[PDB]
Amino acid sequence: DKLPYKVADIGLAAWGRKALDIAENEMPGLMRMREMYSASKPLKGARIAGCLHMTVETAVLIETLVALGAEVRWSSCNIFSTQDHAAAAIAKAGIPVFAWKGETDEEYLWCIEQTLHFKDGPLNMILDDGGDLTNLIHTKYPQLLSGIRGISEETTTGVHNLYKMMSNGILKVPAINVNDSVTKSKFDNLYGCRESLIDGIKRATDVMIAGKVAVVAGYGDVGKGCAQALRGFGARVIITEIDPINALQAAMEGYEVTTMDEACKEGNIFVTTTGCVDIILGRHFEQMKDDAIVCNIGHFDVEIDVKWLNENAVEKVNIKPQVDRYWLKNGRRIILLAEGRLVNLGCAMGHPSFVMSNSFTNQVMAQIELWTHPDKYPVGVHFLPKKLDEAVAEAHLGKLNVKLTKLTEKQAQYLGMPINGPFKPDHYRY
């Protein structure tokens, strides 16, 4: 009585499959998980509802979970991030996916709702990115919580929410924080954004980066990646920050660190990375250089006051999908990307597949941990063990032709560690 899937055009499946084949060959961590666990099927019995950007890389993740024995139903965690060819390939393979590029808010919620019920029963695992699925179940379907064995969560904003839920006694299911695996936060958030931020800006606007002033709000792992990208192409990068440690890191790297109240007068490009509300406001827009480009890469579209532009501009000219040029009362123009939604996935294709193999190999490990060892994980928010984190990295070395040194027994004795690791104390920051 329900749709078996819902995608833009199932006819795109053959093209999606070609993109998947190429991506598989860039994702050795995921392929290794298939190779190790396809026969034993550790995820047999798992009914995973996933809510995560329905991209080519997410399709390789989905097929890994399926190869490992899971039943899966999927939606995207952003209205603009789905790659319709990837979604079509997943649907063609018989996997229930409810996702397309350019959903409305209503369609978005409907899609998540389709993932909750399997033939054998409701979901018993959650794989989430940003917390929308986690929150939906806790608030709207609390009756389903005792049936769920575990949650794994992809991103900084989502894990922040899990910590908040736990400290408020609202969290009712064990969760693993995948964002804060070393091999996720220090790779995907950093090197991922270093490539895909500029990709979104370029595909949207074709603007020259060299010669511009770029303003990056936040200097966490995402802001660090974005700043490096922009400066690499010859932009002069200004940073805003609230945290004196991150601010001091930026200044030590040669960036001017000042407030948005000042930087708004100088920036030609504005990128928000904070995960926080009220970063770019009407008072900033009114002071910006003509044709300033403004975009957000944080998870939710809460950083930029897009409502201000819609209410106060003389006119809004749509240039092409996800690219709007507003004409203000001061006669100047602002170019706004993706209506303030995360620009790398909304205007380009998100992070390339190789780095997503780090993040998603963590996801598969988390799902195996929660599903097969539920009693290691009481209701709470947990990290994967360092030995598994190290294993994720080690799985990607051969593709890059890296040769890792092995400690001799004498060196391992001297350092007081096992020759097979883990090699760092739990507080190590890399």
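Start at 1 and count along the sequence shown; that's the residue number.
Relative to its counterpart among 306-314 and 134-142, 134-142 has the higher mean temperature factor, C-alpha atoms as listed in the PDB entry. Legend: mean Cα B-factor per stretch from the PDB entry, 392-400 versus 376-384; the higher mean is in 376-384. In this structure the maximum Cα B-factor among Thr115, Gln249, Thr155, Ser81 is found at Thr115. Looking at the C-alpha B-factors along this chain, the one for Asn189 belongs to the lowest third. Among the modelled residues of its chain, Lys6 has a C-alpha B-factor that falls in the highest third according to the deposited record. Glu339: CA B factor in the middle third of modelled residues in this chain (values from the PDB entry).
Per the deposited record, the Cα B-factor of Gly102 falls in the highest third when ranked against the other modelled residues of its chain. For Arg149, the recorded CA B-factor ranks within the highest third of the chain. Only modelled residues enter the ranking.
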